[PDB]
>>> print(open('model_33.txt').read())   # compact mmCIF, C-alpha atoms
# COMPACT_ATOMS: atom_id res chain seq x y z
CA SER A 1 -6.81 -24.37 -14.77
CA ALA A 2 -8.06 -25.61 -11.43
CA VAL A 3 -7.03 -22.16 -10.32
CA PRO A 4 -8.30 -22.64 -6.72
CA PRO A 5 -8.12 -19.06 -5.18
CA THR A 6 -9.46 -18.32 -1.61
CA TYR A 7 -10.17 -14.71 -0.73
CA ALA A 8 -6.65 -14.17 0.66
CA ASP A 9 -5.03 -16.30 -2.07
CA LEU A 10 -7.22 -14.96 -4.90
CA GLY A 11 -4.77 -14.34 -7.70
CA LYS A 12 -1.83 -14.87 -5.31
CA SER A 13 0.64 -14.32 -8.22
CA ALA A 14 -0.66 -10.84 -9.05
CA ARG A 15 -0.71 -10.05 -5.36
CA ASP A 16 2.90 -11.24 -5.13
CA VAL A 17 4.18 -8.88 -7.88
CA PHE A 18 2.43 -5.93 -6.21
CA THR A 19 3.65 -6.89 -2.69
CA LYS A 20 7.40 -7.14 -3.39
CA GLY A 21 8.92 -3.70 -2.95
CA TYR A 22 6.04 -1.21 -3.09
CA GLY A 23 6.86 1.79 -0.88
CA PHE A 24 10.52 2.86 -0.70
CA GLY A 25 12.38 5.92 0.56
CA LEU A 26 15.13 4.14 2.52
CA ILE A 27 18.64 3.09 1.52
CA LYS A 28 18.81 -0.42 2.93
CA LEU A 29 21.94 -2.47 3.57
CA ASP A 30 21.21 -6.22 3.64
CA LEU A 31 23.68 -8.91 4.67
CA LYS A 32 22.88 -12.56 3.82
CA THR A 33 24.24 -15.56 5.73
CA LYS A 34 23.35 -18.99 4.35
CA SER A 35 22.61 -21.55 7.02
CA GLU A 36 23.25 -25.20 6.22
CA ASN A 37 20.10 -26.38 8.01
CA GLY A 38 18.06 -23.98 5.89
CA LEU A 39 17.44 -21.17 8.39
CA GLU A 40 18.58 -18.49 5.93
CA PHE A 41 19.51 -15.54 8.19
CA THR A 42 19.55 -12.21 6.42
CA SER A 43 19.71 -9.18 8.66
CA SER A 44 19.40 -5.61 7.46
CA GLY A 45 20.13 -2.01 8.39
CA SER A 46 18.61 0.98 6.63
CA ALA A 47 17.94 4.64 6.89
CA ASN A 48 15.39 7.11 5.58
CA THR A 49 16.77 9.46 2.92
CA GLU A 50 14.48 12.26 4.17
CA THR A 51 14.48 11.94 7.98
CA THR A 52 17.95 10.37 8.39
CA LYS A 53 16.26 7.60 10.42
CA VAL A 54 17.76 4.11 10.88
CA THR A 55 15.48 1.01 10.41
CA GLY A 56 16.61 -2.62 9.99
CA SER A 57 15.09 -6.08 9.81
CA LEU A 58 15.53 -9.76 10.51
CA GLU A 59 14.68 -12.18 7.72
CA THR A 60 14.87 -15.82 8.70
CA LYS A 61 13.67 -18.51 6.28
CA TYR A 62 13.58 -22.15 7.49
CA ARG A 63 13.37 -24.85 4.76
CA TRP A 64 11.61 -23.44 1.61
CA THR A 65 8.94 -24.58 -0.87
CA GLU A 66 10.72 -27.95 -1.08
CA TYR A 67 8.17 -30.42 0.25
CA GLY A 68 5.87 -27.47 0.96
CA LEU A 69 7.21 -27.02 4.51
CA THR A 70 8.14 -23.35 4.50
CA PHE A 71 8.39 -21.96 8.02
CA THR A 72 9.02 -18.26 7.56
CA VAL A 73 10.12 -16.07 10.45
CA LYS A 74 10.08 -12.27 10.30
CA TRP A 75 11.35 -10.22 13.24
CA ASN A 76 11.71 -6.42 13.28
CA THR A 77 12.97 -3.73 15.61
CA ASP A 78 9.44 -2.36 16.05
CA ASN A 79 9.06 -5.64 17.98
CA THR A 80 6.77 -7.24 15.36
CA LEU A 81 7.29 -11.00 15.35
CA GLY A 82 5.85 -13.22 12.60
CA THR A 83 6.06 -17.00 12.13
CA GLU A 84 4.26 -18.73 9.25
CA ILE A 85 4.24 -22.55 9.02
CA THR A 86 2.81 -23.80 5.72
CA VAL A 87 2.18 -27.38 4.57
CA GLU A 88 1.27 -27.54 0.87
CA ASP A 89 0.17 -30.67 -1.09
CA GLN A 90 -0.87 -32.56 2.04
CA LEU A 91 -3.45 -34.80 0.32
CA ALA A 92 -2.43 -34.79 -3.34
CA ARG A 93 -4.40 -32.21 -5.34
CA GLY A 94 -4.06 -28.96 -3.45
CA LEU A 95 -4.11 -28.94 0.33
CA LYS A 96 -2.53 -26.01 2.24
CA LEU A 97 -2.36 -25.67 6.05
CA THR A 98 -0.94 -22.39 7.36
CA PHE A 99 -0.59 -21.98 11.10
CA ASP A 100 0.37 -18.37 11.64
CA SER A 101 1.78 -16.50 14.63
CA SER A 102 1.98 -12.73 14.72
CA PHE A 103 2.88 -10.98 17.95
CA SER A 104 2.77 -7.15 17.66
CA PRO A 105 3.34 -4.28 20.20
CA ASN A 106 -0.40 -3.64 20.69
CA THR A 107 -0.53 -4.84 24.32
CA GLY A 108 1.21 -8.01 23.14
CA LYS A 109 -1.44 -8.62 20.49
CA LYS A 110 -1.23 -12.32 19.61
CA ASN A 111 -2.48 -13.35 16.17
CA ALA A 112 -2.84 -17.12 15.77
CA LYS A 113 -4.44 -18.27 12.51
CA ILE A 114 -5.08 -21.70 11.02
CA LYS A 115 -5.80 -21.57 7.30
CA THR A 116 -6.92 -24.77 5.66
CA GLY A 117 -7.47 -24.43 1.94
CA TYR A 118 -8.63 -27.59 0.25
CA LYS A 119 -8.60 -27.44 -3.50
CA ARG A 120 -10.29 -29.55 -6.18
CA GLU A 121 -10.59 -28.08 -9.68
CA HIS A 122 -12.52 -24.79 -9.75
CA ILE A 123 -13.41 -25.40 -6.06
CA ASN A 124 -11.32 -23.84 -3.28
CA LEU A 125 -12.44 -23.87 0.38
CA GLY A 126 -10.31 -22.00 2.96
CA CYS A 127 -10.89 -22.03 6.72
CA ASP A 128 -8.98 -19.40 8.70
CA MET A 129 -9.44 -19.83 12.46
CA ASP A 130 -8.09 -16.84 14.35
CA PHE A 131 -7.49 -17.75 18.00
CA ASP A 132 -7.52 -14.26 19.48
CA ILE A 133 -9.24 -12.76 22.50
CA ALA A 134 -11.73 -11.05 20.19
CA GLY A 135 -11.62 -14.34 18.29
CA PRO A 136 -12.05 -17.25 17.74
CA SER A 137 -13.11 -15.72 14.41
CA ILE A 138 -13.82 -17.99 11.44
CA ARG A 139 -12.75 -16.40 8.14
CA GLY A 140 -13.13 -18.77 5.17
CA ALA A 141 -13.44 -18.29 1.38
CA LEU A 142 -15.50 -20.53 -0.88
CA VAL A 143 -14.67 -20.15 -4.56
CA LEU A 144 -16.38 -21.82 -7.46
CA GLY A 145 -15.05 -21.82 -11.02
CA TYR A 146 -17.02 -21.72 -14.28
CA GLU A 147 -16.77 -20.68 -17.99
CA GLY A 148 -13.80 -18.47 -17.06
CA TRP A 149 -15.26 -17.17 -13.78
CA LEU A 150 -14.07 -17.16 -10.18
CA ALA A 151 -16.71 -16.31 -7.51
CA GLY A 152 -15.81 -16.28 -3.77
CA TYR A 153 -17.69 -16.12 -0.47
CA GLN A 154 -15.77 -14.99 2.58
CA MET A 155 -17.56 -15.66 5.88
CA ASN A 156 -16.20 -14.06 9.04
CA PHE A 157 -17.79 -15.52 12.16
CA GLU A 158 -16.86 -13.49 15.22
CA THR A 159 -17.57 -16.12 17.89
CA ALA A 160 -16.94 -13.82 20.89
CA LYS A 161 -19.84 -11.69 19.71
CA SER A 162 -21.19 -14.58 17.65
CA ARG A 163 -21.81 -12.22 14.74
CA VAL A 164 -21.37 -12.62 11.01
CA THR A 165 -20.50 -9.16 9.78
CA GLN A 166 -17.29 -9.26 7.87
CA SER A 167 -18.07 -10.87 4.52
CA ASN A 168 -16.34 -10.56 1.14
CA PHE A 169 -17.88 -11.44 -2.25
CA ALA A 170 -15.19 -12.26 -4.80
CA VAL A 171 -16.12 -11.84 -8.46
CA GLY A 172 -13.78 -12.62 -11.32
CA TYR A 173 -13.92 -12.77 -15.08
CA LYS A 174 -11.22 -14.45 -17.14
CA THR A 175 -9.55 -13.19 -20.29
CA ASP A 176 -6.68 -14.74 -22.31
CA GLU A 177 -3.70 -14.92 -19.90
CA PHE A 178 -5.50 -12.14 -18.02
CA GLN A 179 -7.64 -12.57 -14.83
CA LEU A 180 -10.16 -10.07 -13.41
CA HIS A 181 -10.30 -10.29 -9.61
CA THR A 182 -12.50 -7.95 -7.51
CA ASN A 183 -14.04 -8.31 -4.03
CA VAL A 184 -16.94 -6.54 -2.38
CA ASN A 185 -15.99 -5.74 1.16
CA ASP A 186 -19.00 -5.62 3.45
CA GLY A 187 -21.05 -4.21 0.58
CA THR A 188 -19.06 -1.01 1.07
CA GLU A 189 -15.48 -0.87 -0.32
CA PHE A 190 -14.44 -2.83 -3.44
CA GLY A 191 -10.87 -4.00 -4.05
CA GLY A 192 -8.93 -6.67 -5.94
CA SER A 193 -6.33 -7.33 -8.64
CA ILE A 194 -5.87 -8.15 -12.30
CA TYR A 195 -3.41 -10.92 -13.12
CA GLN A 196 -1.80 -10.24 -16.49
CA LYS A 197 0.68 -12.71 -17.97
CA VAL A 198 1.89 -10.45 -20.76
CA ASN A 199 4.66 -12.68 -22.03
CA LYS A 200 7.51 -14.92 -20.89
CA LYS A 201 9.47 -12.03 -19.33
CA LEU A 202 6.54 -9.72 -18.42
CA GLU A 203 4.30 -10.38 -15.38
CA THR A 204 2.21 -7.36 -14.39
CA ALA A 205 -0.72 -6.82 -12.02
CA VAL A 206 -3.31 -4.04 -11.97
CA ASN A 207 -4.96 -3.27 -8.63
CA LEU A 208 -8.54 -1.94 -8.71
CA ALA A 209 -9.78 -0.21 -5.55
CA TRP A 210 -13.01 1.80 -5.45
CA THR A 211 -15.60 2.88 -2.91
CA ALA A 212 -19.33 2.37 -3.36
CA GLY A 213 -20.21 5.97 -4.04
CA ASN A 214 -19.64 8.60 -6.71
CA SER A 215 -15.91 8.62 -5.93
CA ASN A 216 -13.05 7.54 -8.25
CA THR A 217 -11.15 4.24 -8.46
CA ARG A 218 -7.58 4.23 -7.13
CA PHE A 219 -5.79 1.77 -9.39
CA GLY A 220 -2.19 0.85 -9.97
CA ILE A 221 -0.30 -0.83 -12.79
CA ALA A 222 2.64 -2.87 -11.59
CA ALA A 223 4.93 -4.34 -14.22
CA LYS A 224 7.76 -6.72 -13.36
CA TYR A 225 9.98 -6.79 -16.44
CA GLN A 226 12.66 -9.38 -16.21
CA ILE A 227 15.27 -8.13 -18.48
CA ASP A 228 17.84 -10.91 -18.52
CA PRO A 229 18.57 -13.45 -15.78
CA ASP A 230 20.70 -10.82 -14.00
CA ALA A 231 18.40 -7.74 -14.22
CA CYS A 232 14.72 -6.72 -13.82
CA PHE A 233 12.67 -3.46 -13.96
CA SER A 234 9.72 -2.90 -11.60
CA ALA A 235 7.32 0.02 -12.14
CA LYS A 236 3.95 0.91 -10.60
CA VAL A 237 1.60 3.79 -11.59
CA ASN A 238 -1.35 4.61 -9.38
CA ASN A 239 -4.33 6.57 -10.65
CA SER A 240 -3.72 9.41 -8.18
CA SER A 241 -0.84 10.23 -10.52
CA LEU A 242 2.06 8.46 -8.72
CA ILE A 243 4.59 6.75 -11.04
CA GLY A 244 7.18 4.48 -9.40
CA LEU A 245 10.46 3.46 -11.04
CA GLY A 246 12.37 0.60 -9.45
CA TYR A 247 15.43 -0.84 -11.24
CA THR A 248 16.81 -4.08 -9.78
CA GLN A 249 20.17 -5.54 -10.78
CA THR A 250 21.06 -9.07 -9.66
CA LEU A 251 24.75 -9.90 -10.31
CA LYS A 252 25.98 -13.51 -10.75
CA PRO A 253 28.78 -12.54 -8.30
CA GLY A 254 25.89 -12.52 -5.79
CA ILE A 255 25.26 -8.77 -5.52
CA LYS A 256 21.86 -6.99 -5.67
CA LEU A 257 21.74 -3.29 -6.54
CA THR A 258 18.24 -1.75 -6.64
CA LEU A 259 17.20 1.86 -7.21
CA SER A 260 13.75 3.28 -6.38
CA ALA A 261 11.85 6.46 -7.22
CA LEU A 262 8.20 7.29 -6.57
CA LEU A 263 7.32 10.63 -8.20
CA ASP A 264 3.85 12.20 -7.60
CA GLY A 265 2.60 13.88 -10.75
CA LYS A 266 0.22 15.87 -8.54
CA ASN A 267 3.13 16.64 -6.29
CA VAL A 268 6.23 16.38 -8.56
CA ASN A 269 6.33 19.98 -7.79
CA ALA A 270 5.50 19.28 -4.15
CA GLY A 271 7.86 16.29 -3.77
CA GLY A 272 7.27 13.59 -1.28
CA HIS A 273 9.12 11.19 -3.58
CA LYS A 274 10.22 7.90 -2.18
CA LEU A 275 13.97 7.41 -2.75
CA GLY A 276 15.27 4.00 -1.69
CA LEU A 277 18.21 1.74 -2.49
CA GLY A 278 18.52 -2.00 -1.97
CA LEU A 279 22.03 -3.34 -1.46
CA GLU A 280 22.03 -7.04 -0.68
CA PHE A 281 25.27 -8.98 -0.58
CA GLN A 282 25.51 -12.78 -0.68
CA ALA A 283 27.82 -14.06 2.06
CA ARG A 284 31.29 -12.57 2.50
CA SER A 285 33.47 -11.80 -0.53
>>> encode(input="model_33.txt", output="structure tokens")
Amino acid sequence: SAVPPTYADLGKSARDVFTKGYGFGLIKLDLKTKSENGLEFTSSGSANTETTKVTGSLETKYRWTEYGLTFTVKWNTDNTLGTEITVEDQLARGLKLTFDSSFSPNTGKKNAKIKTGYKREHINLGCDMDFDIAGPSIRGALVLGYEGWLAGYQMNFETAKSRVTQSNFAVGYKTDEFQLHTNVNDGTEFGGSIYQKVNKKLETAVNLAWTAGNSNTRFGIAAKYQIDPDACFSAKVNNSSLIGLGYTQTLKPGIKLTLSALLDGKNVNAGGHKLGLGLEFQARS
């Protein structure tokens, strides 16, 4: 009930359902090797079912959410390198410290962030210090809770220019099991999510994106339907008329078989339908 958000972590759960998957088109072969230390090395190799391309990945997870010391490492062929060190529950209520490191191709663009989100019932204060050449930039989110309301203030302080431009107003209204999360970006483009705990097996999230103008709202409905402990169905329908069907089958034997299909109702007759397959195998059989 404390529900301490933070602009980036506003409705993290709804954001999480939307984030997993989302955007397919490639049949991906994933091989998992369990480290004893806790490194968790899972490499992958995939291709595009339309272009015949070949793209892989390097997933390396050190530790886990055990004592809140999850140091995630994501490396890819495109040269993107990402390391996220998170320390949760540092004080006792809700204290999260995420030092981040993202090195991308862009002339060796180094992204170093320090997020400190202190929580205390209805009150969440996050301080993201981005040590970049354009930075140090200070991006924090101050959220206050009330009679079922979450309001947030995101202040971006570009120290190099010493300008406060980037600011995000979070506004939320609560409904039984359901949360309404929206954010005004620079007084120009709105965007957020809707956390909907439908039932024990159904966790869905609706994304609402609109643009201050007379234009429409692009919104999606993502439903994660856990079927049984070994199977789950993910679907997401945007308002531009794009329905996605993603069936995931987790086998006790340790085998994951996922099918994906994004059909554009405005282009079902034009195509451009994402076709992807996820084949992840647990260790050698």
>>> closest_atom_pairs(input="model_33.txt", of="range 6-77 of chain A", to="range 234-237 of chain A", cutoff="10 Å", atoms="only C-alpha atoms", output="tab-separated table")
residue	atom	partner	partner_atom	distance
A:17	CA	A:234	CA	9.0
A:18	CA	A:236	CA	8.3
A:20	CA	A:234	CA	9.5
A:21	CA	A:234	CA	8.7
A:22	CA	A:236	CA	8.1
>>> atom_distance(input="model_33.txt", atom1="CA of residue 2 in chain A", atom2="CA of residue 100 in chain A")
25.6 Å
>>> closest_residue(input="model_33.txt", among="A:116, A:199, A:46, A:269", to="residue 89 in chain A", atoms="all atoms listed in the file")
A:116
>>> atom_distance(input="model_33.txt", atom1="CA of residue 275 in chain A", atom2="CA of residue 261 in chain A")
5.0 Å
>>> residues_around(input="model_33.txt", residues="residue 263 in chain A", least_positions_apart="4", cutoff="10 Å", atoms="all atoms listed in the file", output="MDAnalysis selection string")
chainID A and resid 237 241:245 267:275
>>> closest_residue(input="model_33.txt", among="A:260, A:1, A:166, A:217", to="residue 246 in chain A", atoms="all atoms listed in the file")
A:260
>>> atom_distance(input="model_33.txt", atom1="CA of residue 165 in chain A", atom2="CA of residue 212 in chain A")
17.5 Å
>>> residues_near_point(input="model_33.txt", point="(-19.0, -2.0, 0.5)", cutoff="12 Å", atoms="all atoms listed in the file", output="mmCIF file with C-alpha atoms, keeping the file's coordinate frame")
data_model
loop_
_atom_site.group_PDB
_atom_site.id
_atom_site.type_symbol
_atom_site.label_atom_id
_atom_site.label_comp_id
_atom_site.auth_asym_id
_atom_site.auth_seq_id
_atom_site.Cartn_x
_atom_site.Cartn_y
_atom_site.Cartn_z
ATOM 1 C CA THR A 165 -20.500 -9.160 9.780
ATOM 2 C CA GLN A 166 -17.290 -9.260 7.870
ATOM 3 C CA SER A 167 -18.070 -10.870 4.520
ATOM 4 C CA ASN A 168 -16.340 -10.560 1.140
ATOM 5 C CA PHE A 169 -17.880 -11.440 -2.250
ATOM 6 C CA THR A 182 -12.500 -7.950 -7.510
ATOM 7 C CA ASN A 183 -14.040 -8.310 -4.030
ATOM 8 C CA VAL A 184 -16.940 -6.540 -2.380
ATOM 9 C CA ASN A 185 -15.990 -5.740 1.160
ATOM 10 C CA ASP A 186 -19.000 -5.620 3.450
ATOM 11 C CA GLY A 187 -21.050 -4.210 0.580
ATOM 12 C CA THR A 188 -19.060 -1.010 1.070
ATOM 13 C CA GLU A 189 -15.480 -0.870 -0.320
ATOM 14 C CA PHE A 190 -14.440 -2.830 -3.440
ATOM 15 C CA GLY A 191 -10.870 -4.000 -4.050
ATOM 16 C CA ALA A 209 -9.780 -0.210 -5.550
ATOM 17 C CA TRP A 210 -13.010 1.800 -5.450
ATOM 18 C CA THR A 211 -15.600 2.880 -2.910
ATOM 19 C CA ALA A 212 -19.330 2.370 -3.360
ATOM 20 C CA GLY A 213 -20.210 5.970 -4.040
#
>>> closest_residue(input="model_33.txt", among="A:177, A:101, A:238, A:144", to="residue 123 in chain A", atoms="only C-alpha atoms")
A:144
>>> closest_residue(input="model_33.txt", among="A:282, A:156, A:55, A:60", to="residue 37 in chain A", atoms="all atoms listed in the file")
A:60
>>> decode(input="model_33.txt", residues="range 225-236 of chain A", atoms="N, CA, C and O atoms", output="JSON list (two decimals), in the first residue's frame")
[["chain", "number", "residue", "atom", "x", "y", "z"],
["A", 225, "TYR", "N", -1.45, -14.35, -19.35],
["A", 225, "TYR", "CA", -2.32, -15.36, -18.76],
["A", 225, "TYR", "C", -1.59, -16.65, -18.45],
["A", 225, "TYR", "O", -1.39, -17.51, -19.31],
["A", 226, "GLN", "N", -1.24, -16.80, -17.19],
["A", 226, "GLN", "CA", -0.59, -18.01, -16.77],
["A", 226, "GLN", "C", -1.66, -19.04, -16.81],
["A", 226, "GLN", "O", -2.72, -18.89, -16.19],
["A", 227, "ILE", "N", -1.39, -20.09, -17.56],
["A", 227, "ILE", "CA", -2.33, -21.10, -17.73],
["A", 227, "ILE", "C", -2.34, -22.13, -16.60],
["A", 227, "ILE", "O", -3.33, -22.32, -15.87],
["A", 228, "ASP", "N", -1.16, -22.73, -16.48],
["A", 228, "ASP", "CA", -0.83, -23.73, -15.47],
["A", 228, "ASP", "C", 0.62, -23.44, -15.15],
["A", 228, "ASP", "O", 1.18, -22.53, -15.76],
["A", 229, "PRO", "N", 1.25, -24.09, -14.24],
["A", 229, "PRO", "CA", 2.65, -23.75, -13.90],
["A", 229, "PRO", "C", 3.62, -23.97, -15.07],
["A", 229, "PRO", "O", 4.75, -23.49, -15.03],
["A", 230, "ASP", "N", 3.19, -24.74, -16.08],
["A", 230, "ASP", "CA", 4.05, -25.06, -17.21],
["A", 230, "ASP", "C", 3.67, -24.34, -18.51],
["A", 230, "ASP", "O", 4.28, -24.59, -19.54],
["A", 231, "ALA", "N", 2.67, -23.45, -18.49],
["A", 231, "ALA", "CA", 2.28, -22.75, -19.73],
["A", 231, "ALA", "C", 1.64, -21.39, -19.47],
["A", 231, "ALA", "O", 0.93, -21.21, -18.47],
["A", 232, "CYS", "N", 1.89, -20.43, -20.38],
["A", 232, "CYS", "CA", 1.34, -19.07, -20.25],
["A", 232, "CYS", "C", 1.09, -18.43, -21.64],
["A", 232, "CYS", "O", 1.84, -18.66, -22.58],
["A", 233, "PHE", "N", 0.01, -17.63, -21.75],
["A", 233, "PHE", "CA", -0.34, -16.96, -23.02],
["A", 233, "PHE", "C", -0.22, -15.44, -22.91],
["A", 233, "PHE", "O", -0.92, -14.81, -22.12],
["A", 234, "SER", "N", 0.66, -14.86, -23.73],
["A", 234, "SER", "CA", 0.84, -13.41, -23.75],
["A", 234, "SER", "C", 0.24, -12.80, -25.02],
["A", 234, "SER", "O", 0.52, -13.26, -26.12],
["A", 235, "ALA", "N", -0.57, -11.77, -24.86],
["A", 235, "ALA", "CA", -1.18, -11.11, -26.02],
["A", 235, "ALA", "C", -1.15, -9.61, -25.82],
["A", 235, "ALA", "O", -1.25, -9.15, -24.69],
["A", 236, "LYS", "N", -1.01, -8.83, -26.90],
["A", 236, "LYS", "CA", -0.97, -7.38, -26.77],
["A", 236, "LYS", "C", -1.62, -6.71, -27.99],
["A", 236, "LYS", "O", -1.14, -6.89, -29.11]]
